[PDB]
Structure formats: structure tokens, C-alpha cells
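Visitor: This is the content of input.cif (mmCIF, C-alpha atoms):
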data_structure
loop_
_atom_site.label_atom_id
_atom_site.label_comp_id
_atom_site.auth_asym_id
_atom_site.auth_seq_id
_atom_site.Cartn_x
_atom_site.Cartn_y
_atom_site.Cartn_z
CA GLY A 1 0.00 0.00 0.00
CA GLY A 2 0.96 3.57 -0.82
CA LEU A 3 2.71 5.23 -3.73
CA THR A 4 6.38 4.99 -4.64
CA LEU A 5 8.19 8.11 -5.86
CA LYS A 6 11.37 8.16 -7.93
CA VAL A 7 13.96 10.48 -6.36
CA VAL A 8 17.00 11.82 -8.20
CA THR A 9 19.91 12.98 -6.07
CA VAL A 10 23.56 14.00 -6.06
CA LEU A 11 26.17 12.99 -3.50
CA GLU A 12 26.94 15.95 -1.22
CA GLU A 13 28.48 15.53 2.24
CA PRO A 14 26.65 15.27 4.66
CA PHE A 15 23.33 15.72 2.82
CA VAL A 16 23.46 12.56 0.68
CA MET A 17 26.06 9.78 0.84
CA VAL A 18 26.36 6.13 -0.15
CA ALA A 19 25.68 3.74 2.74
CA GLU A 20 26.80 0.11 3.14
CA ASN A 21 26.86 -1.85 -0.10
CA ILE A 22 28.02 -5.06 -1.73
CA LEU A 23 29.45 -4.48 -5.20
CA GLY A 24 26.76 -5.31 -7.74
CA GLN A 25 23.76 -4.70 -5.47
CA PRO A 26 21.55 -1.60 -5.36
CA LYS A 27 22.96 1.39 -3.49
CA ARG A 28 21.56 2.66 -0.20
CA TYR A 29 21.83 6.29 0.86
CA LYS A 30 22.26 8.18 4.12
CA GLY A 31 22.59 11.77 5.27
CA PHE A 32 20.61 14.77 6.45
CA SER A 33 18.55 15.09 3.26
CA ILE A 34 17.90 11.33 3.43
CA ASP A 35 16.65 11.59 7.02
CA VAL A 36 14.40 14.48 6.01
CA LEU A 37 13.12 12.43 3.07
CA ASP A 38 12.42 9.48 5.38
CA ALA A 39 10.54 11.70 7.82
CA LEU A 40 8.42 13.01 4.94
CA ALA A 41 7.87 9.46 3.66
CA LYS A 42 6.58 8.44 7.09
CA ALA A 43 4.44 11.57 7.45
CA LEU A 44 2.89 11.21 3.98
CA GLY A 45 3.01 7.41 3.72
CA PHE A 46 4.97 6.87 0.51
CA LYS A 47 7.90 4.76 -0.66
CA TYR A 48 10.81 5.93 -2.78
CA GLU A 49 13.61 4.68 -5.02
CA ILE A 50 16.75 6.82 -5.29
CA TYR A 51 19.08 7.21 -8.26
CA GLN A 52 21.98 9.57 -8.87
CA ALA A 53 21.70 12.04 -11.72
CA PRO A 54 23.41 10.41 -14.74
CA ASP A 55 25.67 13.47 -15.08
CA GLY A 56 26.14 14.06 -11.34
CA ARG A 57 24.90 17.62 -11.83
CA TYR A 58 22.37 19.77 -10.02
CA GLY A 59 21.58 21.19 -13.46
CA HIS A 60 21.96 24.24 -15.68
CA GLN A 61 20.01 25.60 -18.62
CA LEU A 62 21.59 24.67 -21.94
CA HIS A 63 21.70 26.87 -25.03
CA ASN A 64 18.71 24.94 -26.46
CA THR A 65 16.51 25.87 -23.43
CA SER A 66 16.80 22.35 -22.00
CA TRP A 67 18.19 21.61 -18.55
CA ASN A 68 20.70 18.94 -17.57
CA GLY A 69 21.22 17.32 -14.20
CA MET A 70 18.51 16.82 -11.60
CA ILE A 71 16.43 19.76 -12.84
CA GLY A 72 16.48 18.18 -16.29
CA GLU A 73 15.35 14.92 -14.70
CA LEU A 74 12.37 16.78 -13.22
CA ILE A 75 11.37 18.70 -16.35
CA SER A 76 11.55 15.50 -18.42
CA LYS A 77 9.37 13.85 -15.72
CA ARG A 78 11.93 11.08 -15.28
CA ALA A 79 11.96 11.94 -11.56
CA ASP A 80 9.20 12.90 -9.15
CA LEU A 81 11.53 14.51 -6.59
CA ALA A 82 15.01 15.97 -6.46
CA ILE A 83 16.78 16.28 -3.11
CA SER A 84 20.38 16.88 -2.07
CA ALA A 85 21.70 20.37 -1.27
CA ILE A 86 19.53 22.12 -3.86
CA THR A 87 19.37 25.87 -3.26
CA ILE A 88 16.06 27.56 -4.04
CA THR A 89 16.98 30.01 -6.79
CA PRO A 90 14.85 32.06 -9.22
CA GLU A 91 16.49 30.38 -12.22
CA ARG A 92 15.39 26.97 -10.92
CA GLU A 93 12.02 28.23 -9.64
CA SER A 94 11.10 29.16 -13.22
CA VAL A 95 11.09 25.52 -14.40
CA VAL A 96 10.46 23.38 -11.28
CA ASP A 97 8.36 23.75 -8.14
CA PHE A 98 10.16 23.90 -4.79
CA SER A 99 9.02 22.99 -1.31
CA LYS A 100 9.61 25.40 1.54
CA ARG A 101 13.15 25.26 2.87
CA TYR A 102 14.10 22.61 5.41
CA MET A 103 17.46 24.28 6.09
CA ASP A 104 19.14 27.62 5.49
CA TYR A 105 21.97 28.24 3.03
CA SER A 106 24.63 30.95 3.10
CA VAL A 107 28.27 31.68 2.29
CA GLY A 108 30.84 31.51 5.09
CA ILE A 109 34.56 31.76 5.77
CA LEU A 110 36.72 28.72 6.42
CA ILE A 111 39.77 30.03 8.27
CA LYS A 112 42.36 28.85 10.77
CA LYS A 113 41.63 29.43 14.44
CA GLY A 114 43.04 32.37 16.38
CA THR A 115 42.57 35.10 13.78
CA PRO A 116 40.74 38.29 14.84
CA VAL A 117 38.13 37.78 12.09
CA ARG A 118 34.42 37.44 12.86
CA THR A 119 32.71 39.09 9.85
CA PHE A 120 33.13 39.55 6.12
CA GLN A 121 33.79 43.21 6.92
CA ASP A 122 36.68 42.17 9.18
CA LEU A 123 38.00 39.87 6.46
CA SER A 124 37.79 42.71 3.95
CA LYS A 125 39.96 44.81 6.29
CA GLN A 126 42.69 42.18 6.72
CA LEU A 127 46.16 42.69 5.25
CA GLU A 128 48.08 39.45 5.86
CA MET A 129 45.56 36.81 4.67
CA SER A 130 44.63 36.01 1.07
CA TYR A 131 41.09 34.79 0.46
CA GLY A 132 38.81 33.66 -2.33
CA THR A 133 36.32 31.08 -3.55
CA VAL A 134 35.78 28.62 -6.40
CA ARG A 135 36.43 30.17 -9.80
CA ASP A 136 33.36 30.69 -11.99
CA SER A 137 30.88 29.48 -9.36
CA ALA A 138 27.53 30.84 -8.21
CA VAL A 139 29.38 32.14 -5.14
CA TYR A 140 31.99 33.78 -7.38
CA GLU A 141 29.20 35.48 -9.34
CA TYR A 142 27.51 36.49 -6.09
CA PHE A 143 30.66 38.29 -4.97
CA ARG A 144 30.90 39.76 -8.48
CA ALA A 145 27.38 41.19 -8.19
CA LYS A 146 27.89 42.48 -4.65
CA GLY A 147 31.32 43.91 -5.50
CA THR A 148 30.15 45.96 -8.49
CA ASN A 149 27.07 47.36 -6.69
CA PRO A 150 27.52 51.13 -6.10
CA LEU A 151 24.44 51.08 -3.81
CA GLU A 152 26.40 49.07 -1.23
CA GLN A 153 26.15 50.60 2.24
CA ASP A 154 29.91 50.21 2.76
CA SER A 155 33.11 49.12 1.02
CA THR A 156 33.22 45.53 2.33
CA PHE A 157 32.03 43.79 -0.83
CA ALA A 158 33.96 45.97 -3.29
CA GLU A 159 37.14 45.05 -1.40
CA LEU A 160 36.24 41.37 -1.13
CA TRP A 161 35.68 41.36 -4.90
CA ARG A 162 38.94 43.23 -5.52
CA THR A 163 40.83 40.42 -3.80
CA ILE A 164 38.67 37.58 -5.15
CA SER A 165 38.77 38.66 -8.80
CA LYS A 166 42.52 39.41 -8.77
CA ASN A 167 44.03 38.72 -12.19
CA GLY A 168 40.78 37.37 -13.58
CA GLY A 169 40.37 35.25 -10.45
CA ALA A 170 43.52 33.20 -11.09
CA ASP A 171 45.59 34.33 -8.10
CA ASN A 172 43.24 33.92 -5.13
CA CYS A 173 40.51 31.48 -6.20
CA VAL A 174 40.55 27.69 -6.31
CA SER A 175 39.14 25.10 -8.72
CA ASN A 176 36.93 23.05 -6.37
CA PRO A 177 35.86 23.00 -2.71
CA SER A 178 38.53 20.45 -1.76
CA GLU A 179 41.34 22.72 -2.98
CA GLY A 180 39.91 25.65 -1.02
CA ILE A 181 39.31 23.66 2.16
CA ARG A 182 42.83 22.22 2.12
CA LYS A 183 44.29 25.61 1.21
CA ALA A 184 42.55 27.16 4.22
CA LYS A 185 43.88 24.35 6.42
CA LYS A 186 47.36 25.15 5.07
CA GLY A 187 47.13 28.28 7.23
CA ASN A 188 47.48 31.29 4.90
CA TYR A 189 44.13 31.30 3.09
CA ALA A 190 40.45 31.88 3.86
CA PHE A 191 37.96 29.91 1.75
CA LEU A 192 34.55 31.49 1.05
CA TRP A 193 31.97 28.80 0.36
CA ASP A 194 28.71 27.10 1.39
CA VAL A 195 28.41 27.29 5.18
CA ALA A 196 27.09 23.73 5.41
CA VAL A 197 29.88 22.11 3.38
CA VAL A 198 32.65 24.17 4.96
CA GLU A 199 31.16 23.59 8.42
CA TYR A 200 31.22 19.84 7.86
CA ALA A 201 34.84 20.18 6.73
CA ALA A 202 35.72 21.95 9.99
CA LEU A 203 33.79 19.56 12.24
CA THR A 204 35.63 16.57 10.74
CA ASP A 205 39.10 18.16 10.73
CA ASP A 206 41.54 15.84 12.49
CA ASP A 207 43.84 18.68 13.55
CA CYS A 208 40.87 20.85 14.64
CA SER A 209 42.72 23.76 13.04
CA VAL A 210 39.89 25.56 11.21
CA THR A 211 36.62 27.29 12.07
CA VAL A 212 33.68 28.75 10.15
CA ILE A 213 32.74 32.43 10.22
CA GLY A 214 29.10 32.35 9.13
CA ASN A 215 27.97 35.95 8.64
CA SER A 216 24.75 34.96 6.83
CA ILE A 217 25.28 36.53 3.40
CA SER A 218 23.85 35.12 0.17
CA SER A 219 21.22 33.62 2.46
CA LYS A 220 18.94 31.24 0.58
CA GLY A 221 17.34 27.92 1.51
CA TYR A 222 17.75 24.27 0.66
CA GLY A 223 14.50 22.85 -0.68
CA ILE A 224 13.02 19.79 -2.31
CA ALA A 225 12.44 20.27 -6.03
CA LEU A 226 9.42 18.70 -7.71
CA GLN A 227 7.97 18.72 -11.20
CA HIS A 228 6.28 21.91 -12.30
CA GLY A 229 2.64 21.72 -11.25
CA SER A 230 3.25 18.78 -8.93
CA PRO A 231 0.27 17.97 -6.67
CA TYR A 232 2.60 16.97 -3.80
CA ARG A 233 4.58 20.21 -3.41
CA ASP A 234 2.11 21.77 -0.96
CA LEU A 235 2.02 18.61 1.18
CA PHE A 236 5.82 18.47 1.26
CA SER A 237 5.97 22.16 2.20
CA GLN A 238 3.45 21.86 5.03
CA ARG A 239 5.05 18.68 6.40
CA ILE A 240 8.44 20.43 6.33
CA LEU A 241 7.05 23.41 8.24
CA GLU A 242 5.63 21.00 10.82
CA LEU A 243 8.95 19.17 11.20
CA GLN A 244 10.64 22.56 11.58
CA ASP A 245 8.15 23.52 14.30
CA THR A 246 8.17 20.17 16.12
CA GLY A 247 11.95 20.12 16.73
CA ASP A 248 12.88 17.18 14.49
CA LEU A 249 14.77 19.25 11.91
CA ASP A 250 17.09 20.63 14.59
CA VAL A 251 17.71 17.10 15.90
CA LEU A 252 18.68 15.84 12.43
CA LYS A 253 20.77 18.97 11.81
CA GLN A 254 22.67 18.35 15.04
CA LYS A 255 22.92 14.70 13.97
CA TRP A 256 24.82 15.43 10.75
CA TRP A 257 26.63 18.56 11.98
CA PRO A 258 27.71 17.34 15.45
#
Could you quickly redo this structure as C-alpha cells?
Guide:
Amino acid sequence: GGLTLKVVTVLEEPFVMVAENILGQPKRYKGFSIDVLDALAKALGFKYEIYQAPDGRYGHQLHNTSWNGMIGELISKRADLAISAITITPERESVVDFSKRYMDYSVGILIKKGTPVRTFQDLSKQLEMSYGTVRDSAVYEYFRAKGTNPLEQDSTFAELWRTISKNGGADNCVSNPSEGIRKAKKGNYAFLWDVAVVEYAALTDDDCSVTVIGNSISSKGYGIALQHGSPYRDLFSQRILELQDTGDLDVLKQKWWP
């Protein structure tokens, strides 16, 4: 009894990960997004089968107006749900329907302990520490937008962008989150990136040498993406609000970010 939904996902520590497996058998999944999905499956009484996006991509719009990745899996109706660390953005909202957020998203600073930095303003005033983000990423473009905005109340973001975009972004940016995390652990670099990812990187650091400055900029939300016009989006949203208000979301959050 009950419906089964096909869920497309992408591996993203600690949201979605591969659980125990024997080579050749179907893959199980674990993580914060998986626990949320299980809570919603219990609340709404449905089963689900997970598969990873064939291209391992969240998705982008192609020149022919089609989308790849998970979003493409939703538009093509090959998936009923998409869940991982999907930020709720206008670009995506135009082609798929999102549930209400079950966690907040923002950009934060991975940096070694002991520095006198607590805000992005502070970081923008520093002299001895280089800093940057992933080249040609949504975060990079966010700092581009904020840095070229003359309506900015103060100079913080123009400075941040001046350092980030140095020499076309070659000097101070990295190629992927691993390079930035490790470079910040190396001691003379601050890595600006997703607060959740970076925070997991700090919590699991063996040397306990880094910390996350989360000043809550570029604040969006992680949501569940469904097909446009899906009849389940409202149920998912309401159930998420009720999990948020009952205390379960904070328990799972503390579970995967100990």
C-alpha cells in the first residue's frame, strides 16, 4: 500500500552519501537530506527509489533551453523529486516547483583558528591573509554582483571582490571546494563557500585547526524540487514546516553537523 516516488539525487556531504553496499547490489543512501526524506515518507506514507543524476549535476540551462542534471530529470518527468543540497533560486524556480526550505543556506569563511576575524567586513579589512572562492561558481558570481554594486552601504564587498577577482580570479581562487578547504587548512588562506559544506569540513578536521565564520550573506534555503505543477509540493511544504516547528529538523541537523 501507498505510492512509490522516484527520487533523483547527487552525493553531497553530509546531505546525501552512499551507505553500506556489496558491489553489484543496489545502493543505499544516508545523510541529512535522506533523514528528512524518510521523515516526509513516514508523514505522507509513501515509498521511494533513489538514483543519482546520470551526469552528477544539479543542473543548468543549456543553449537549447533544455536543462541537464537533476532539474532536467524533473522537467523531463523522469523523476518525481530531487533532493540533495539544492538551493532555491529564481532560475530553478522558473522551471520546477520547490518545497519550503528545510534548512538555510549561506556563504561563510573557512579560516584557521586564532585570527581576529568574525565578519566579512573584518576579512575585507585584513592585510596578511589572502582569500577567495571557487572560480566561476555561483558564489563567485555572487561576490561579483555584490562587489560591483555602487548602492552598497559600505566598502566591504567591493574590497572582497577586488581580492577575489585578482588577475581574472587566477591568483586567489581555487578550482573546487577540496582545494579551497585544504588551502585554508594550510594556514594562509580563507575559503569562502557554502556554510554547510565548509562547516562539515571543519567539524571533521583531524587537527581541529579551522573554524567557520558564518555571517549569513547570500542567504537562501535548501529545498526539495518537484515537477512543475506537482500535486505533492504543498504537502511536502506543510510537512516540512511542521517538522521545523516540532523540533525534528534541529535534531537531524545536530545529527549530521555534530
Visitor: To test your reading of the syntax: which residues would the PyMOL selection byres ((chain A and resi 7-10) around 9) return for the file shown? Reply as a list in words.
Guide: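 Applied to this file, the PyMOL selection byres ((chain A and resi 7-10) around 9) selects residues 5, 6, 11, 12, 16, 17, 48, 49, 50, 51, 52, 53, 56, 57, 58, 70, 73, 74, 78, 79, 80, 81, 82, 83, 84 and 85 of chain A.
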Visitor: Convert the output of the PyMOL selection byres ((chain A and resi 207-210) around 9) on the shown file into explicit residues, formatted as a short mmCIF file (atom, residue, chain, number, x, y, z; two decimals) with C-alpha atoms, in the frame of the given file.
Guide:
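Saved as expr18.cif:
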data_model
loop_
_atom_site.label_atom_id
_atom_site.label_comp_id
_atom_site.auth_asym_id
_atom_site.auth_seq_id
_atom_site.Cartn_x
_atom_site.Cartn_y
_atom_site.Cartn_z
CA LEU A 110 36.72 28.72 6.42
CA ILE A 111 39.77 30.03 8.27
CA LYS A 112 42.36 28.85 10.77
CA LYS A 113 41.63 29.43 14.44
CA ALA A 184 42.55 27.16 4.22
CA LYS A 185 43.88 24.35 6.42
CA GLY A 187 47.13 28.28 7.23
CA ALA A 201 34.84 20.18 6.73
CA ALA A 202 35.72 21.95 9.99
CA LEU A 203 33.79 19.56 12.24
CA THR A 204 35.63 16.57 10.74
CA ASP A 205 39.10 18.16 10.73
CA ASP A 206 41.54 15.84 12.49
CA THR A 211 36.62 27.29 12.07
CA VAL A 212 33.68 28.75 10.15
#
Visitor: May I ask which of the residues A:72, A:63, A:77, A:42 is the closest one to residue 229 (chain A), counting all atoms listed in the file?
Guide: A:77
Visitor: Which residue, A:99, A:21, A:165, A:133, has the smallest gap to residue 226 (chain A) when you use only C-alpha atoms?
Guide: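 Selected residue with least distance to residue 226 (chain A): A:99.
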Visitor: Quick check, in Å to one decimal: how far apart do CA of residue 173 (chain A) and CA of residue 115 (chain A) lie?
Guide: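 Computing it gives 20.4 Å between the two atoms.
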Visitor: The PyMOL selection byres ((chain A and resi 175-182) around 6) - which residues does that actually catch in the file I just gave you? List them as a list in words.
Guide: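 Taken over the shown coordinates, the PyMOL selection byres ((chain A and resi 175-182) around 6) returns residues 134, 135, 174, 183, 184, 185 and 191 of chain A.
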Visitor: Using all atoms listed in the file, which residues of region 63-121 of chain A come within 9 Å of region 235-253 of chain A, and what is the closest atom pair for each, with the distance in Å to one decimal? Give it as CSV, sorted by chain and residue number.
Guide:
residue,atom,partner,partner_atom,distance
A:98,CA,A:237,CA,8.3
A:99,CA,A:237,CA,4.7
A:100,CA,A:237,CA,4.9
A:101,CA,A:240,CA,7.6
A:102,CA,A:240,CA,6.1
A:103,CA,A:249,CA,8.1
Visitor: Pull C-alpha atoms from the residues just selected and write them as a PDB file, keeping the file's coordinate frame.
Guide:
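Result went into part.pdb, see below:
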ATOM      1  CA  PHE A  98      10.160  23.900  -4.790  1.00  0.00           C
ATOM      2  CA  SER A  99       9.020  22.990  -1.310  1.00  0.00           C
ATOM      3  CA  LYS A 100       9.610  25.400   1.540  1.00  0.00           C
ATOM      4  CA  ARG A 101      13.150  25.260   2.870  1.00  0.00           C
ATOM      5  CA  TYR A 102      14.100  22.610   5.410  1.00  0.00           C
ATOM      6  CA  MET A 103      17.460  24.280   6.090  1.00  0.00           C
TER       7      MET A 103
END
Visitor: Using all atoms listed in the file, which residue out of A:221, A:15, A:172, A:106 lies closest to residue 36 (chain A)?
Guide: A:15
Visitor: Distance CA of residue 158 (chain A)-CA of residue 105 (chain A), one decimal place?
Guide: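 About the pair CA of residue 158 (chain A) and CA of residue 105 (chain A): they are 22.3 Å apart.
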Visitor: For a quick check of your reading of the model, name the residues lying within 9 Å of the coordinate (9.7, 26.4, -6.5), counting all atoms listed in the file, and write them as JSON, numbers by chain.
Guide: {"A": [88, 89, 90, 92, 93, 94, 95, 96, 97, 98, 99, 100, 223, 224, 225, 226, 228, 233]}
Visitor: Measuring between all atoms listed in the file, which one of A:149, A:155, A:130, A:219 shows the shortest distance to residue 190 (chain A)?
Guide: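 Closest to residue 190 (chain A) of all the choices is A:130.
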Visitor: CA of residue 59 (chain A) to CA of residue 71 (chain A): how many Å, to one decimal?
Guide: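 Interatomic distance, CA of residue 59 (chain A) to CA of residue 71 (chain A): 5.4 Å.
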Visitor: Find the residues near region 117-120 of chain A: any atom within 12 Å, counting only C-alpha atoms, skip ones fewer than 5 places away on the same chain, and give them as a PDB file with C-alpha atoms, keeping the file's coordinate frame.
Guide:
ATOM      1  CA  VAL A 107      28.270  31.680   2.290  1.00  0.00           C
ATOM      2  CA  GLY A 108      30.840  31.510   5.090  1.00  0.00           C
ATOM      3  CA  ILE A 109      34.560  31.760   5.770  1.00  0.00           C
ATOM      4  CA  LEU A 110      36.720  28.720   6.420  1.00  0.00           C
ATOM      5  CA  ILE A 111      39.770  30.030   8.270  1.00  0.00           C
ATOM      6  CA  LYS A 112      42.360  28.850  10.770  1.00  0.00           C
ATOM      7  CA  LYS A 125      39.960  44.810   6.290  1.00  0.00           C
ATOM      8  CA  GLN A 126      42.690  42.180   6.720  1.00  0.00           C
ATOM      9  CA  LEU A 127      46.160  42.690   5.250  1.00  0.00           C
ATOM     10  CA  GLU A 128      48.080  39.450   5.860  1.00  0.00           C
ATOM     11  CA  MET A 129      45.560  36.810   4.670  1.00  0.00           C
ATOM     12  CA  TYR A 131      41.090  34.790   0.460  1.00  0.00           C
ATOM     13  CA  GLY A 132      38.810  33.660  -2.330  1.00  0.00           C
ATOM     14  CA  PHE A 143      30.660  38.290  -4.970  1.00  0.00           C
ATOM     15  CA  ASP A 154      29.910  50.210   2.760  1.00  0.00           C
ATOM     16  CA  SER A 155      33.110  49.120   1.020  1.00  0.00           C
ATOM     17  CA  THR A 156      33.220  45.530   2.330  1.00  0.00           C
ATOM     18  CA  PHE A 157      32.030  43.790  -0.830  1.00  0.00           C
ATOM     19  CA  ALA A 158      33.960  45.970  -3.290  1.00  0.00           C
ATOM     20  CA  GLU A 159      37.140  45.050  -1.400  1.00  0.00           C
ATOM     21  CA  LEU A 160      36.240  41.370  -1.130  1.00  0.00           C
ATOM     22  CA  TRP A 161      35.680  41.360  -4.900  1.00  0.00           C
ATOM     23  CA  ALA A 190      40.450  31.880   3.860  1.00  0.00           C
ATOM     24  CA  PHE A 191      37.960  29.910   1.750  1.00  0.00           C
ATOM     25  CA  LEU A 192      34.550  31.490   1.050  1.00  0.00           C
ATOM     26  CA  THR A 211      36.620  27.290  12.070  1.00  0.00           C
ATOM     27  CA  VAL A 212      33.680  28.750  10.150  1.00  0.00           C
ATOM     28  CA  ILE A 213      32.740  32.430  10.220  1.00  0.00           C
ATOM     29  CA  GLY A 214      29.100  32.350   9.130  1.00  0.00           C
ATOM     30  CA  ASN A 215      27.970  35.950   8.640  1.00  0.00           C
ATOM     31  CA  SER A 216      24.750  34.960   6.830  1.00  0.00           C
ATOM     32  CA  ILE A 217      25.280  36.530   3.400  1.00  0.00           C
ATOM     33  CA  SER A 218      23.850  35.120   0.170  1.00  0.00           C
TER      34      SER A 218
END
